[PDB]
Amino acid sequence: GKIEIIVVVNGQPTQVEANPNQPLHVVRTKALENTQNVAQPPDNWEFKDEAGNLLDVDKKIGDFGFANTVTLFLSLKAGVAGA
């Protein structure tokens, strides 16, 4: 049963269809291309669920036990610059 993921990528939401046997870094590659966020190295992005837990991109999309429609977040690490 394929899952329809909405990835909020740096505040810009996009939608990626995923098969449960794919590893999660496929949804990451796909969302980062839909939103043209391909400059930064992809490891700079934190894949998190709605409660903000950090998800393993190697773990398979089915292993997360997501429902048919799920909203994830692709967010940068919090910054340090202020001066």
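A residue's number is simply how far along the shown sequence it sits, counting from 1.
For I3, the recorded CA temperature factor ranks within the highest third of the chain's modelled residues. In this PDB entry, the Cα temperature factor of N68 sits in the top third of its chain's modelled residues, the highest group. Ranked by C-alpha B-factor against the other modelled residues of its chain, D43 falls in the middle third. Ranked by Cα temperature factor within the chain, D56 sits in the middle third according to the deposited record. Sort the modelled residues of the chain by CA B factor and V9 lands in the lowest third.
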